[PDB]
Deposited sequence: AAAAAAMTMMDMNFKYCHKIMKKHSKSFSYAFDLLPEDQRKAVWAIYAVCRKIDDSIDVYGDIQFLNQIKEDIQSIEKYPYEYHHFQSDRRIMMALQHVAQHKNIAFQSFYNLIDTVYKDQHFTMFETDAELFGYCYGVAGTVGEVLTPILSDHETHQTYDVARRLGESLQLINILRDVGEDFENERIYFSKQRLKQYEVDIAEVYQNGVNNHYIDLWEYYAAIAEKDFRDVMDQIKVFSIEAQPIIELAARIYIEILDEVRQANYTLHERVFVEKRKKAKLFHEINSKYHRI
């Protein structure tokens, strides 16, 4: 194990720790591509969880890599992750503005205010996840075009909406509600009231309104999976399918606001079999 291998192993650890779903799928990529995915995911994870001193440090470190990718930097944030990101930047095109969009989104989230409309909720999904899809685009495709970015960005936003749909309860405990005030009012849903008394038809209809949006986006992405490299296609399909299975798991747990549902490992393997066969 070289030092750089140690840096990537650490990125891998962070990714496996936080997303068993994405690590399950992306770890199937060829060595060079999975290593780059671990690094991008690790950087985004650190940014997502930073809260502002460390966040400012991460931004300056990324800015250093962007400006001087081949100079040695004494990184201020997490050296292992930045050394790995820099290694990737030296071999692949990195959409740096997408990392800055993510950082800007996480900063704003300090003075969190509920979203007035679905447009702001979707803007948020772009900021924390559509951005990661854009950064991953060059790793997952041979000849990136605007269409490749568009599909990756859409998948990322769809996965963030599935995430929000799985975590309503836990997010409410953490004083956060992601459904828009417009939609909550239209459907006559009060999250605190539902957290207290259980799901009702108003809440279920609202949750299903967002789930249909995520599912539709998921289908449009699967329809355009060929923008990605032949090796990455089944892997992206697997990651997306495993994640969207969370929606059925939420349904099977009666939309509970009191536990985090999950797709068990044996079910992820079943999806891998089905896709691996199709391919």
Where along the deposited sequence are residues missing from the model?
1-6, 58-62, 291-293
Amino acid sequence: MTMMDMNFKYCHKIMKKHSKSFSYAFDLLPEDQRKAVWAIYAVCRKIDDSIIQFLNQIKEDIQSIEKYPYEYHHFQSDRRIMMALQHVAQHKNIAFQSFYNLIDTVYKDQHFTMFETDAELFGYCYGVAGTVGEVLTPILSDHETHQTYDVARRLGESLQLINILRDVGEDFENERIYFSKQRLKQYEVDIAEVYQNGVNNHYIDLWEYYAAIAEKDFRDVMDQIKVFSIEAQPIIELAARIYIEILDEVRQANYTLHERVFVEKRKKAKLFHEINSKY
From here on, numbers count along this sequence of modelled residues.
Comparing 68-76 with 106-114, which stretch shows the greater average C-alpha B-factor in the deposited entry?
106-114
As the entry reports it, the stretch among 159-167 and 84-92 with higher mean C-alpha B factor is 84-92
According to the deposited entry, which of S180, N174, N101, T137 has the largest Cα B-factor?
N174
Is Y126 in the lowest, middle or highest third of its chain when residues are ranked by C-alpha B-factor?
lowest
Tertile call for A42 (CA temperature factor, within chain, third-based) is the lowest
Splitting the chain's C-alpha B-factors into thirds, which one does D61 fall into?
lowest
How does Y209 rank on Cα B-factor within its chain, lowest, middle or highest third?
lowest
Going by the recorded CA B-factors, say which third of the chain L184 sits in, lowest, middle or highest.
middle
